[PDB]
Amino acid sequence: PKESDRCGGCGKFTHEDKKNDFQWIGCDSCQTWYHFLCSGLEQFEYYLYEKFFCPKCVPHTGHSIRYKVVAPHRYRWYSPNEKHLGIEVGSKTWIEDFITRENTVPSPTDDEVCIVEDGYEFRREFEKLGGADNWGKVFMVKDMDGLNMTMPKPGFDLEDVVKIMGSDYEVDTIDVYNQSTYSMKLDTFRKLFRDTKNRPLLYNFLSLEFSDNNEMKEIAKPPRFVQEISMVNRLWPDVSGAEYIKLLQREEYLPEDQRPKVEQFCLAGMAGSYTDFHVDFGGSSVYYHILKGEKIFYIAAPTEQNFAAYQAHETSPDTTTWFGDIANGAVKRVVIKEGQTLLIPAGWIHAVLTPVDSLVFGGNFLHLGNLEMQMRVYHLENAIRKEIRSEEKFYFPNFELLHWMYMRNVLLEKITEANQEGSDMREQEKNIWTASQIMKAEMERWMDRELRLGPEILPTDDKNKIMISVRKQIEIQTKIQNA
């Protein structure tokens, strides 16, 4: 080959390969080339520097020179060609302004959000409304006592987080003003977070999942009521011993690397951070506990009208219009403070402002009581994706497979056991029976689609073997009913 084209880092022409891709950056001083992963830059920096000085230079040349902030109202704040374009919703200019009028956004009705003082009052109100099987409104619980939600004692902060997870642990982080996600070392984030006075750019990570860290996973957990209704938790129980063995004896075992891991997240964001409107992936529900700081959520109920506005909003090229302004007064304001907890059921559209540096623990989960709404959000996502192109990692992992597994391992078993007696399921398991029908119908559609345009882990043949068995037991039970 040719020497000039050898990476001055790993000293090779081809990198070994988080993921380098096949990308290089050149030093503006010595002109040698480095693979991105060999340059000493982290992904969040790939676009910041107008002049890059490699580590070999930079004692004798100085730090890399970053682009000038030419257009604070654009995601491309560094591009002169955009100076004259419109103010974009995520931008620094936009957020400054939005901060001065955000408190005019109206408060919710009692139909939309129920505020309660503690988990005991939450429990009573939750039950008045039909519980999880009929969960439709958001709850804000001022004091976590009664929720059975394991959390770290105050005094716990970002410092303990980086110590437990490790300095080099990489988290996907939001570059607020750019409205994009890049990788950043936990140590790098902490450094920027500590420099309270100098913040050219704001960062906010939402995506630090720690259910696989043996220390962290005991320090912050979902409320008990959530662990009890979580579909993922039902399928990959964290059991041991004979429970686990039986889990193996039945073919109910599932690979740890197949598990959707979205139930234990830590979030940390700088004051002035803004996350724009979205519905959480798979239409999952959310528990959200503020350890430190403050959050302002802007929320809209999951109605067909709101979804149509939202779907249009997401597929439109436009970037200058705040969803709240085209949503016909649907958007409501709810402030959440330190120690307080938000519980959001499937489908709620929401954005969030971070008025103050914050540390949050939360998680996403699916449950039978919101099965219909979850499927409705799946359709919404699928429609949006037909338009714009997105990345898999912003969606619910193994969404479809989870349902095959849940139908096979959970619901089929229950309808079969019911069927083997006279048991009319409507007596002690009406909810199980209605969930089965809803899931079945949605799965029929998935089969039909697969037979039309082929597959994309579970062979087509296996799926078909599950469906026939489900149809059978379902028909058996409805005869037991018509009787």
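Don't overthink the numbering: it's just position in the shown sequence, from 1. In this text, rigid core is short for the largest set of C-alphas that superpose within 1.5 Å between two forms.
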Core fit done; bigger CA RMS in 7 other deposited structures of this protein for 417-425 or for 440-448? 417-425
Could you say which moves further from this form in 7 other deposited structures of this protein, stretch 392-400 or stretch 119-127, by root mean square CA distance after aligning on the core? 392-400
Neighbours in the displayed sequence, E456 and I457 may still hide a gap; how many deposited residues lack coordinates there, none, 1 to 3, 4 to 9, or 10 or more? 1 to 3
Gap size between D17 and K18, counting deposited residues with no coordinates: none, 1 to 3, 4 to 9, or 10 or more? 10 or more
Of 85-93 and 302-310, which one has the bigger average CA B-factor? 85-93
Between 167-175 and 342-350, the record assigns the higher mean Cα B factor to 167-175
Of the choices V262, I290, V226, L248, which one's C-alpha carries the largest B-factor in the record? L248
Among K221, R333, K153, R234, where is the Cα B factor highest in this entry? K153
Test of reading the entry: by CA B factor among the chain's modelled residues, which third contains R445? middle
Please rank the C-alpha B-factors of the chain's modelled residues and tell me whether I438 sits in the lowest, middle or highest third. lowest
Please place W404 in the lowest, middle or highest third of its chain according to the CA B-factor in the PDB entry. lowest
Compare the C-alpha B factor of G362 with those of the other modelled residues in its chain, then answer lowest, middle or highest third. lowest
Tertile call for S284 (CA temperature factor, within chain, third-based) is the lowest
